[PDB]
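Colleague: Residues 0 to 64, 68 to 238 (the authors' numbering) make up the sequence shown, in order. A single structure is presented below for examination.
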Amino acid sequence: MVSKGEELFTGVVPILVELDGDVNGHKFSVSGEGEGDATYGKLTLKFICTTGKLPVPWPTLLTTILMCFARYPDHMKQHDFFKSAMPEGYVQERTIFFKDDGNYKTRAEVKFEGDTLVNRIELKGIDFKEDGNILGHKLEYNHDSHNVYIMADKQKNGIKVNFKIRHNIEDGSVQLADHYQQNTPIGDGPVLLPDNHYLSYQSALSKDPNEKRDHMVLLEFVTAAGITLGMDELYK
């Protein structure tokens, strides 16, 4: 018997992900599996495009395909909306605007099914350029560190989240992907509404040498942190 969602994350938790996508009319499905351990903010997953070739680069899907696995330090545990909403889950919705190119709109449900934390997602992408960095597969196979800023959404009883991913391109340029995100509880019970804070992300992208299908192996580390008030040196 558990009184708080965070109690479900004291050990290793199995994960499943299932994604149905449609980008410029190219339809695909992705299945993922692995495990998360919130005590050190780790996720490890393997994803497979089960319908054939992925029509977009794996790195553009990475933010879409589990913030409940962040490590929140003791002094911040009262700000962890994500686990508080468990086991019933939360909905996570985004629009991601790729600068000078198309956009993804996503809706996901993250919730326990039996002992397993399951992320089920629909993604629709429109207005992409056939010869742009996305459909043209010009992204490097990596995803650099990023800090995502979170604030409470009082009226929806959830949170709002914005961040700007800088995807590296083969030619040395970057491709910006503006993320706008909202999460709301699935259940009707109380959740923690957090003060403003950060999640620090790292992601390491690899391939399984024995895997011949289109796939991505992913490791994420995620830890929560507070903010500091920047000051211009003039004011110090």
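All C-beta atoms, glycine included, are put in the ideal place defined by N, C-alpha and C.
Straight-line CA distance for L178 to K126?
Modeller: A straight line joining the alpha-carbon of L178 with that of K126 spans about 18 Å.
Colleague: Scan the segment 139 to 213 and note each continuous beta strand (DSSP E) run of 3 residues or more that stays entirely inside, going in chain order.
Modeller: 148 to 155, 160 to 170, 176 to 187, 199 to 208
Colleague: Quick test of your reading: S205 and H145, contact by CB under 8 Å. State the CB separation rounded to the nearest angstrom.
Modeller: 4 Å
Colleague: Grab me the residues of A72's own chain with a C-beta within less than 6 Å of its C-beta, minus the 5 sequence neighbours each way, in chain order.
Modeller: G40, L201, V224, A226
Colleague: Tell me the DSSP bridge mates of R73?
Modeller: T225
Colleague: Identify, in the order they occur along the chain, each residue of the same chain with its Cβ nearer than 7 Å to the Cβ of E34, setting aside the five sequence neighbours on each side.
Modeller: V11, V12, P13, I14, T43
Colleague: Measure the alpha-carbon distance for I64 versus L18 and round it to whole angstroms.
Modeller: 8 Å
Colleague: Could you have a look at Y92 and say whether DSSP puts it in helix, strand or coil?
Modeller: strand
Colleague: Does the Cβ-Cβ distance between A154 and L195 come in under 7 Å?
Modeller: yes
Colleague: Considering only their Cβ atoms, is the gap separating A110 from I123 smaller than 7 Å?
Modeller: Taking 7 Å as the Cβ cut-off, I123 and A110 qualify as a contacting pair.
Colleague: Are the beta-carbon atoms belonging to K107 and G91 less than 7 Å from one another?
Modeller: no
Colleague: From the DSSP output, in three-state form, read off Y237 for me.
Modeller: helix
Colleague: Nearest-angstrom Cα distance between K214 and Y74?
Modeller: 37 Å
Colleague: Would you list the residues sitting across from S28 in a DSSP beta bridge?
Modeller: In DSSP, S28 forms a bridge with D19.
Colleague: What are the start and end residues of the beta strand (DSSP E) that includes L119?
Modeller: 118 to 128
Colleague: Kindly identify the DSSP beta-bridge partner or partners of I14.
Modeller: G33, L119
Colleague: Cβ atoms of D129 and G104: under 7 Å apart, would you say?
Modeller: yes
Colleague: Cutting at 8 Å between CB atoms, please list the residues of its own chain near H199, excluding the five before and the five after it.
Modeller: Once the five neighbours on either side are set aside, the close Cβ partners of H199 are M78, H81, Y151, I152, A226, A227, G228, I229.
Colleague: Give the DSSP-derived three-state secondary structure of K79 in the structure shown.
Modeller: Of the three classes helix, strand and coil, the one that applies to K79 here is helix, per DSSP.
Colleague: Around the C-beta of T118, are 16 or more other C-beta atoms found within 10 angstroms, so that it is buried, or is it exposed?
Modeller: exposed
Colleague: Grouping DSSP H, G and I as helix and E and B as strand, with all else coil, what is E111?
Modeller: strand
Colleague: Nearest-angstrom Cα distance between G174 and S2?
Modeller: 50 Å
Colleague: Between the C-alpha atoms of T9 and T38, what's the straight-line distance to the nearest angstrom?
Modeller: 6 Å
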